[PDB]
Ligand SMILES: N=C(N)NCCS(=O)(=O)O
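Take a look at this single chain in structure tokens; it is the form solved without this ligand.
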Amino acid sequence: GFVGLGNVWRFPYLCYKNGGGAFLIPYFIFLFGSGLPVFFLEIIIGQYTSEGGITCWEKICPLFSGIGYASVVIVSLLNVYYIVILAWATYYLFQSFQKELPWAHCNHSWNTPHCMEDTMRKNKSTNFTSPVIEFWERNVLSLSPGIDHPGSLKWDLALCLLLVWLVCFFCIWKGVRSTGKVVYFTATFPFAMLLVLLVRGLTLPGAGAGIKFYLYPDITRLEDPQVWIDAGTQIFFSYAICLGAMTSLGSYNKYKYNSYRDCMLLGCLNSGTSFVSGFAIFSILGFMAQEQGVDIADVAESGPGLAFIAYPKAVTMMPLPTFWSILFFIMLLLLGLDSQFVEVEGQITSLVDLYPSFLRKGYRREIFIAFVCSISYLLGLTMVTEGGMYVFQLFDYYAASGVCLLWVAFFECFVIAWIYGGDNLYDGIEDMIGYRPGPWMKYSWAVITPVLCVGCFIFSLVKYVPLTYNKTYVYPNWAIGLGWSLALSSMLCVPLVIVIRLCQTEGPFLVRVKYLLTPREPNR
């Protein structure tokens, strides 16, 4: 279940946004420096404590327990916008049940008269747009001029959003497993369809330029600090780390269990599939580039939904457009639904034991399931509006990416490396997994991750570039302040809990900090 939408949507969009292969160098650097390190860190914390996200930190250190609450805020904010991605896929699937796909040609009402089939884009107001972009913006999104103009709500997406929310609600309400029936179909189908797209994508006449764009890096983009943050957060996003799910996932694992092999295996496949999937989508872009006579960096739309622009273009070029289009949206929806079933249930599982005596399992719990879904439905309803795409971009860049992931990832390593000690963790690890691992992990949590986290944070601050959508829309100042509020909401959690914890322990600050620094029953 390592495959998610991030690997097929977030990764391609981020890599496309950040030049070409210039994304890869920070991507693999962050992978081998922190990603697998912090992934194993959370997994082994879960195994050592056999406890949940917030509470395992309490076991490791009563102070700096705000990391757990920060994770809850991130997962909550993530679910609010992650579901809207599934809403688009569901709408596309519904539109893929018609004989001729709507985006195959642009002669319908919503298409701007300046549209022209990609086949004639080069064959024949110099700026000519494509049907695939038109359907996504003038039909699926009804893009408004700006975030300051919300406009009329699009009920089509709202209904699709309600459906996916209801599917998620019932699955959690009825304790339905994340993978339905046999896990194989839920597993091999994403691989099969991805390989179907890859074979089609590579075979495309323009795939050569796309792969060269995909792999050959640009050192100039490395100077811009945004690529380092995005690559670092990409890994943080795809592995679903710093959200408390992996700590819960490691909880179920037995004390005597070789989680090291699982983490490095599941870690490399999750990134490996993303890298392979990057070949397919970027191969499409090269084909679109030469067919349209437009540069690869400008042939697609640099906003979330690159998976909704290049991949539906491939299914159009597939032997049976309708057949393949339906299957793609099925696997796309499948990769998102299973993620939601696990990540949504994580916070309620985190919330139910967070505030007991009121959320007892049963009547109190069942209404809470709808309560979480409904409030998050109204909040997720904002992205449905015509200008809700821009709000979505703020949620993607800030709520569960950007500085927020770096800050929490830093404190996860900062606590374990110094307050708890990387050497002290190995003593449990060799007891648990049976053998003491090498020095790659210890020198990553203590040095590589803290250096990478702060350096990206600091260089971001001095070289501050405001967030832009489609590299052409400048956000208003208030929206950036609103966007930072989501990030500040999660990051402020750690310091806030520290102050509360210190107050609880009346006494000299030094005595109080030392008292609560002591780990409390780390393992049983």
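Note that the rigid core is defined as the largest set of C-alphas that superpose within 1.5 Å between two forms. Sequential numbering from 1, following the sequence displayed.
The form solved in complex with this ligand exists for this protein as well; it is not shown, and the discussion that follows is about that form.
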message: Looking at 82, 136, 228, 397 here, can you tell me which has any non-hydrogen atom within 4.5 angstroms of this ligand in the bound PDB entry?
response: 82
- line: Exactly one of 78, 331, 389, 300 comes within 4.5 Å of this ligand in the bound PDB entry through a heavy atom, and that residue is 78
field: Contact of residue 240 with this ligand in the bound PDB entry (heavy atom, 4.5 Å)
entry: yes
- prompt: Any of the heavy atoms of residue 74 lying within 4.5 Å of this ligand in the bound PDB entry?
  reply: yes
task: Decide whether residue 236 counts as a contact residue for this ligand in the bound PDB entry under a heavy atom distance cut-off of 4.5 Å.
output: yes
Residue 425, heavy atom within 4.5 angstroms of this ligand in the bound PDB entry: no
Stretch 4-24: residues contacting this ligand in the bound PDB entry, 4.5 Å heavy atom cut-off: 4, 5, 6, 7
task: Can you spot, among 437, 180, 208, 421, the one with a CA shift of 2 Å or more between the shown form and the other one after core superposition?
output: 180
message: Does residue 261 shift between the shown form and the other one by 2 angstroms or more at the C-alpha, the core having been superposed?
response: no
message: My question is whether residue 361 is one of the residues whose C-alpha shifts by 2 Å or more between the shown form and the other one, given a fit on the rigid core.
response: yes
